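Report on one structure; see the data block that follows.
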Amino acid sequence: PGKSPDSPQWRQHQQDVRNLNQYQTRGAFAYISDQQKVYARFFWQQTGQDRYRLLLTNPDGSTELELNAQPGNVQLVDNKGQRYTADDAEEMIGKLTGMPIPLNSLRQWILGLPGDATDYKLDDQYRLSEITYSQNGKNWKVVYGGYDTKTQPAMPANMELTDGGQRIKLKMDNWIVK
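In structure tokens form, the structure reads like this:
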């Protein structure tokens, strides 16, 4: 049955997450679509409200992709060192890598926050459990597995999101927050 979104504990959990100044996680990344299959280790570091770096690496240790976002300056770097710049991370990853994603929202979802989503459920611990979000004529479903309760506040330990044609799976080995 989970818990009600109107619960003070939910609002407090969101506040505790938003009050953090830095977030860092790493783990297994899986992206699958009818035109691509990407498996890699990921590293996510967010040092500002809208400042973050996503790094995807292969077993070789080689860099598959780098997405470094700063307000007014998002840079995408591919394995060949080719650099591209834009003012929107979602638009760039959507038309540059072949991996379209509601990234502007995912950046909040990965922290256990709903972002612009208004259709969601919470688990028994007042933490985000499922999200239904529409954009670009598609409907995304986000599902959360267990949370990492070794940090304060607790952060998502695993999640999956899909809109049918695209599926992204993330498994976090750990988190560091401050």
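Start counting the sequence shown at 9; every next residue gets the next number (the authors' numbering). We put the CB at the ideal spot given by N, CA and C, even for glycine.
Those residues which DSSP pairs with residue i across a bridge
i: residue 85; result: 74, 91
i: residue 166; result: 179
i: residue 147; result: 142
First through last residue of the beta strand (DSSP E) which encompasses residue i
i: residue 142; result: 136-143
i: residue 55; result: 44-56
i: residue 160; result: Per DSSP, residue 160 belongs to no beta strand (DSSP E) and is neither H nor E.
i: residue 35; result: 31-41
i: residue 181; result: 174-185
Run of the alpha helix (DSSP H) containing residue i, from where it starts to where it stops
i: residue 24; result: 16-26
Reference residue i, options the options, closest by Cα
i: residue 150; options: 25, 141, 158, 157; result: 141
i: residue 86; options: 77, 73, 96; result: 73
i: residue 50; options: 59, 28, 57, 70; result: 70
i: residue 79; options: 132, 18, 12, 55; result: 55
i: residue 181; options: 169, 170, 153; result: 153
i: residue 3; options: 27, 18, 45, 53; result: Within the shown structure, residues of the chain are numbered from 9 to 186, placing residue 3 beyond reach of any answer.
i: residue 15; options: 163, 168, 62, 134; result: 134
i: residue 61; options: 44, 31, 47; result: 31
i: residue 59; options: 45, 76, 89, 155; result: 76
i: residue 9; options: 136, 65, 183; result: 136
i: residue 115; options: 67, 169, 160, 145; result: 169
i: residue 160; options: 186, 64, 13; result: 186
Closer than 6 angstroms: residue i CB and nearest the ligand FAD heavy atom
i: residue 45; result: As far as ligands go, the structure on display features none, and thus does not contain the ligand FAD.
**Request:** Specify whether the segment 127-134 and the segment 93-110 touch according to this definition: at least 3 beta carbon pairs, one from each stretch, less than 8 angstroms apart.
**Result:** Pairwise C-beta distances place the segment 127-134 out of contact with the segment 93-110, as fewer than three of them are shorter than 8 angstroms.
**Asked** Could you give the uninterrupted runs of the beta strand (DSSP E) lying entirely in the segment 101-138, keeping only those of 3 residues or more?
**Response** The segment 101-138 contains these whole beta strand (DSSP E) runs: 127-130.
**Request:** Examine the Cβ distances between the segment 32-46 and the segment 104-116 and report whether three or more of them are shorter than 8 angstroms.
**Result:** yes
**Asked** Using 8 angstroms as the threshold, is the segment 172-180 in touch with the segment 21-32, meaning 3 or more CB pairs across them?
**Response** Flag = no, the segment 172-180 and the segment 21-32 do not touch.
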